[PDB]
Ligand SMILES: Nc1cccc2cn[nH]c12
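Next up is one chain by itself, shown in structure tokens, the form solved without the ligand.
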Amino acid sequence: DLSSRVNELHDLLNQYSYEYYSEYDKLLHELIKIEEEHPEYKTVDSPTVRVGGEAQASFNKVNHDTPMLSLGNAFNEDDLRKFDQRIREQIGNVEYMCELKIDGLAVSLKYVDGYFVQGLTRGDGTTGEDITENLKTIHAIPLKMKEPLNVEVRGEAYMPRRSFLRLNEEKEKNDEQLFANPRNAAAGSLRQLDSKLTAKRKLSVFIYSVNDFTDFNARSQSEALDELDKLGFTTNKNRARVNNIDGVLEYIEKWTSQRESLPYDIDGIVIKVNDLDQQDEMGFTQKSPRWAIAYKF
């Protein structure tokens, strides 16, 4: 009874993915062998893609459906008070969403009818490289979302510091060039031409936004991040909605001292106007949003 067993195997495998991230091993090998004798039982979201595959990703250059955002920077309290004053003068009272800027490989993941179908590096923000097969090996990326949306979700892929060090340990022993940091270890593992090598590296992802909110019920950035969780994605819960710029400054103070302490590196904090109508209202200047800014440590 292959139908029941394939459905069973998908449930068991996808649950491993939603969990942690070698019953697993044997289960995966059983589904692979089913798909070899019955290629018609391979669905677009089959979990056998987690192992990597024979197809080498292209690294073809592809434009994102929508260019990713290009953020201005802030370097001090004065930069942030000016940011918030520009906002308050233009459109009045706002709340802010504050989040940690993960030091990893930025990617955009394209979903069509809720299936994961293309993953690109952020590249220059307009054009990225296609590493779809490599990204499918990350358990924390859902192969099918919980609603059948057509959206590009934007994330950062990273390697935990502990696994980066174990990888450098193996380079140290082979006296190869070491990765300078966990960021380069993620980017390097995701840009392998053999996605089977990628599969064997320890990678995860945090999702931080989407290209288009049309089909979301969310009215604010904090609410959209909760909606992304509900749809199946992994988001970073160190984010916080705050009421004002004093709240931003207090979030920055707290995280500044803690920037070495998490399992992954971070390179600053991103602050956005929370309400989505208010983002639209604030607009862009010189091709960068007037309602978002990246604070650099």
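Rigid core: the largest C-alpha set superposing within 1.5 Å between the two forms. Start at 1 with the first residue shown and count on from there.
In this entry, residue 21 is separated from residue 22 by 4 to 9 residues of the deposited sequence that have no coordinates.
Here the stretch with the larger average CA B-factor, out of 118-126 and 187-195, is 187-195.
As listed in the deposited structure, the average C-alpha B-factor of 80-88 and of 131-139 is greater for 80-88. When the C-alpha B-factors of 226, 156, 175, 95 are read from the PDB record, the largest value belongs to 175. Across 237, 26, 272, 38, the greatest Cα temperature factor reported in the deposited entry is at 26. In the deposited entry, the Cα temperature factor of residue 169 places it in the middle third of its chain's modelled residues. In the deposited entry, the Cα temperature factor of residue 179 places it in the middle third of its chain's modelled residues.
Per the deposited record, the Cα B-factor of residue 221 falls in the lowest third when ranked against the other modelled residues of its chain. Annotation for residue 264: C-alpha temperature factor in the middle third relative to the rest of the modelled chain, per the entry.
When all modelled residues of the chain are sorted by CA temperature factor, residue 148 is found within the highest third.
The next section is about a form of this same protein that is not shown, the form solved in complex with the ligand.
The partner is absent here; in the deposited bound form, the one residue of 191, 171, 161, 200 having a heavy atom within 4.5 Å of the ligand is 161. The partner is absent here, but in the deposited bound form a heavy atom of 71, alone among 149, 94, 71, 74, sits within 4.5 Å of the ligand.
With the partner left out here, the ligand still marks one of 126-134, 83-91, 96-104, 112-120 in the deposited bound form; by a 4.5 Å heavy atom cut-off that stretch is 96-104. Annotated contacts: 50, 180 and 270 all touch the ligand in the deposited bound form [non-hydrogen atom within 4.5 angstroms]. Using a 4.5 angstroms limit between non-hydrogen atoms, residue 165 touches the ligand in the deposited bound form.
Proximity of residue 224 to the ligand in the deposited bound form falls outside the 4.5 Å heavy atom cutoff.
Not displayed here, the ligand is approached by residue 140 to within 4.5 Å at the level of heavy atoms in the deposited bound form. The ligand in the deposited bound form comes within 4.5 Å of a heavy atom belonging to residue 265. Shown here without the ligand, the chain has 14, 17, 18 in 3-20 lying with a heavy atom within 4.5 Å of that partner in the deposited bound form.
For the residues 254, 38, 230, 241, superposed on the rigid core between the shown form and the other one, a C-alpha shift of 2 angstroms or more shows up only at 38. Once the rigid core is used as the reference frame, the Cα position of residue 268 differs between the shown form and the other one by less than 2 Å. Once both forms are fitted on their rigid core, the CA atom of residue 69 lies less than 2 Å apart between the shown form and the other one. Comparing the forms between the shown form and the other one on their rigid core, the Cα displacement of residue 6 reaches 2 Å or more.
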